[PDB]
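Residue numbers (the entry's author numbering): 5 to 131, 135 to 511. The structure appears right after this line, and notes come after that.
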Amino acid sequence: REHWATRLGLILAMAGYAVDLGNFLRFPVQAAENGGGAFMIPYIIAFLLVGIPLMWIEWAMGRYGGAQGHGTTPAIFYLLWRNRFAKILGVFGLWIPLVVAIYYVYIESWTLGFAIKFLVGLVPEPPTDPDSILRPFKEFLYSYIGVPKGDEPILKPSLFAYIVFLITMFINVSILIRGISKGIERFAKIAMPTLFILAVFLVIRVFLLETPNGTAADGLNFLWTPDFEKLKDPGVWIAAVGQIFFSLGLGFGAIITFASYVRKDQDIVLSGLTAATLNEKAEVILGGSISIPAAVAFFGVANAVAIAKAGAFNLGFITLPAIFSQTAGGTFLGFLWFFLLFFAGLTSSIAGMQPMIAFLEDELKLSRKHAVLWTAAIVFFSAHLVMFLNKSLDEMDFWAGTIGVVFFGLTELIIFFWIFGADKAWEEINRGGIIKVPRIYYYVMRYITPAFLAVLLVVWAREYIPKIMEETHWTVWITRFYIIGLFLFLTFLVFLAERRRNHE
Ligand SMILES: CCCCCCCCO[C@@H]1O[C@H](CO)[C@@H](O)[C@H](O)[C@H]1O
Ligand SMILES: CCCCCCCCO[C@@H]1O[C@H](CO)[C@@H](O)[C@H](O)[C@H]1O
Ligand SMILES: CN[C@H]1CC[C@@H](c2ccc(Cl)c(Cl)c2)c2ccccc21
Ligand code: NA
Ligand code: NA
C-alpha cells in the first residue's frame, strides 16, 4: 500500500484538503452575521466538542482500514461492523465525495478562469455609484457561467469556461496519477506555502486600502466587534457547529481515505490536531483579514450588513473583483485573489477524488493509472449536468454536500464509538500517538459529539427539506434521478468487489 513519505507532507495534505474557498469567504460572512467577535465563543466550543473529536475519529477509521488494505467506507464500515447494512451505509461515504467532486471541480475551474482573465486584463473596466461598479462584474460572472437570461433552466457556459474546466481536470489528474507521496504529498509541500504567501500579501494590500467610504481597519472593526446578544439565538450556535463541521471537511470521506495511507503505528493524534489547527488559523487570521475588510473599506461600514447578507459567493466572485478594478494594479491583485482561490480549491479536489480512486484500487484491483482515469471520466462526464442545468449544483450540494455529510458524520460516530466499541475505538485513536487524547474526550465522543450532530441534522432537515421538496423547479428531479443512479451504480460496484473476493 502507498504511504505518506513524511509527517509534514501528511499534515500539509490534510490541511490543504480542509483549507479552501470557504476559509476566505464562508467564515467571514458567518462571523459577521452571527455576533462578530462573540461568534468566537460558540466557534471555539464547537471546535473542542465537535470538530476535534470527529476529526480524530475519521483519522482513526482511515488508519484502521488502511492497515487491512481498505481506504473507503464500504469496506471500512464492514470491518468495524460485519453486517450487510454496514456495507450499504458505507456506500454513502463513497457516494458523497463522488457527487461533490462532480460540482466542486467545476467551481474550482471558475477561479482558474478568472485568474487567467484578470492576469491578461480581460476584465470589465467601469465606469461613481456601487451598482454601477458591481453590475459589470455581475454580468462578467453571469456570462462566464451562463446564468439563464430567460425562463428556461438552461445554462450556457462560455467556450472559455468549458476549456478551463478541461484544463482544471487535467491538472487534477496530473497530480493524482503520480500517487500519494509523489503526487498529492509533493504538491501539498508546494501549494500550502504558496497559499500562505499569497494570503499574507493580500492581507497587507487590503490593510492599505483607503477609500472615501472607509478603511480596512473599519472592516476588522465591523467584523470583530462582539455582539453578545446574538448568543441567545440558537441559530448562532447551530451556525457555529455547522461552520466548524464544514470548514474541517468532516463527513466527506476524504480525511478517512487520506488517513488510510498512514502507517499502522504512526501518530494521528498530534498530526490530526495540527492539521485542524492550521485550518483554523488560515480561517480566522487570513480569511478574516481579507474579504470583509476589503468590502467595508470600499463600500463603507454603512453597507457592511448588506454585504454579508449578499453571501460568500457574491463577496468572492463579484464584490471583491469589482473593488480591485478600482485600485492601482487591481488587475494583478484580482489575479492573486483568484490564484489563491484556485490553489485552495485544487488542494481540496485532489483529496476529494482520491476516495473513488482508492475504491477502484483497493476493491476492484485497478492500477493507479486506470483508477485515476476512470474516476476522471466519471466526474468529467457527470459534471455536464452541473454545467448545463440551472440549480443542479445546488441540489447536489444540498443532498450530498450538506445533509448527506452531517448524516454520515453522525453515522461514523455511532458505528465507530458505539457499534465497533468505545474502548476499541479509543485505543485505535491513541495508538502511536505522540500525545494522548485527554481522557475527558472519551465522554465527549460517546455522548456530547453525536448529540451536537443530531441537533444539527434535525434542525437543518426540518428547516430546509420541506422547502427543497415543495418550492423548487421540477428540473431538480433530473439531478435527484441522476445522483440516486450514481448511488445504485456504486452499490453495484461494491457487489462486484465482494463477488470477486469470494472468487479469489
Ligand atoms: C444535463 C446534461 C446536458 C448535456 C449538455 C447538452 C449539450 C448542449 O448542446 C447544445 O447544442 C445546441 C444545438 O442546437 C447548441 O445550440 C448549444 O450551443 C449547445 O449547448
Ligand atoms: C440540462 C440539459 C439541458 C441541455 C441544454 C441543451 C441545449 C439546448 O438545445 C436545444 O436543442 C434544440 C434542438 O431541437 C434546439 O431547437 C433548441 O433551441 C436548443 O436550445
Ligand atoms: C468541506 N469544506 C470545503 C472543503 C473541501 C471541498 C471538497 C469536499 C469534497 C470533495 Cl469530493 C471535494 Cl472534490 C471538495 C468542499 C466541497 C463542498 C463544500 C465544502 C467544501
Ligand atoms: Na476549511
Ligand atoms: Na484546499
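The beta-carbon is built from N, C-alpha and C at its ideal position, and this holds for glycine as well.
Between residue i and residue j, how many whole angstroms is the CB-CB distance? I'm expecting something under 8 Å.
i, j, result
"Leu497", "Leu98", "5 Å"
"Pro101", "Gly260", "4 Å"
"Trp60", "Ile422", "Not really, about 15 Å apart at Cβ, beyond 8 Å."
"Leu216", "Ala223", "5 Å"
"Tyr107", "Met360", "Not really, about 13 Å apart at Cβ, beyond 8 Å."
"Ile330", "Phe349", "Actually they do not touch by this definition, with Cβ atoms about 19 Å apart."
"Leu93", "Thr326", "With 8 Å as the limit, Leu93 and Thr326 do not qualify as a contact, their Cβ atoms being about 41 Å apart."
"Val171", "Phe147", "About 15 Å separates the two Cβ atoms, so there is no contact after all."
"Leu162", "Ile152", "7 Å"
"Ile475", "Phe405", "6 Å"
"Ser332", "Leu29", "Contact doesn't hold; Cβ gap of about 19 Å is too wide."
"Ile485", "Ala64", "39 Å between Cβ atoms; not a contact."
"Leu183", "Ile364", "6 Å"
Report the three-state DSSP secondary structure of residue i (helix, strand or coil).
i, result
"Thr218", "strand"
"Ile275", "coil"
"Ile442", "coil"
"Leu162", "coil"
"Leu373", "coil"
"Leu183", "helix"
"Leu257", "coil"
"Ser113", "helix"
"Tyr82", "helix"
"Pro155", "coil"
"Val303", "helix"
"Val210", "helix"
"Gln333", "coil"
"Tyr449", "helix"
"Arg5", "coil"
"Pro46", "helix"
"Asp136", "coil"
"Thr456", "helix"
"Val379", "helix"
"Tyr268", "coil"
"residue 132", "No atoms are given for residue 132, which sits in the stretch of the chain between 131 and 135 that the model skips."
"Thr479", "coil"
"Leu93", "helix"
"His510", "helix"
"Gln361", "helix"
"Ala71", "coil"
"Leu126", "coil"
"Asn27", "helix"
"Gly39", "coil"
"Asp234", "coil"
"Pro101", "helix"
"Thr338", "helix"
Using the Cβ count rule (16 or more neighbours within 10 Å means buried), how would you classify residue i?
i, result
"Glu112", "buried"
"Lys398", "buried"
"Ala384", "exposed"
"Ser254", "buried"
"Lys239", "exposed"
"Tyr149", "exposed"
"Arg67", "buried"
"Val465", "exposed"
"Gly336", "exposed"
"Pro328", "buried"
"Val207", "exposed"
"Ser165", "exposed"
"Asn27", "buried"
"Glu290", "buried"
"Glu368", "buried"
Could you please give me the residues that DSSP links to residue i through a beta bridge?
i, result
"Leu396", "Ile161"
- Take every Cβ of the region 35-42, pair it with every Cβ of the region 351-368, and state whether three or more of those distances are shorter than 8 Å. no
- Message: Using a Cβ distance threshold of 8 Å, determine whether the region 68-88 contacts the region 257-272, with at least three qualifying pairs required.
- Response: yes
- Message: So, does the region 304-318 touch the region 247-258, judging by three or more C-beta pairs under 8 Å?
- Response: no
- Query: Any chance the region 110-130 sits against the region 173-180, with 3 or more Cβ pairs inside 8 Å?
  - Reply: yes
- Query: So, do the region 274-292 and the region 121-130 have three or more beta carbon pairs nearer to each other than 8 Å?
  - Reply: no
- Query: Hey, is the region 5-18 in contact with the region 263-278, meaning 3+ C-beta pairs nearer than 8 Å?
  - Reply: yes
- Task: Determine, using beta-carbon pairs with one atom in the region 49-63 and one in the region 337-353, whether at least three such pairs fall under 8 Å.
- Result: no
- Quick one: any contact between the region 141-159 and the region 436-449, if contact means 3 or more CB pairs under 8 Å? no
- Query: Quick check: the region 150-169 against the region 371-383, are there 3 or more CB pairs under 8 Å?
  - Reply: no
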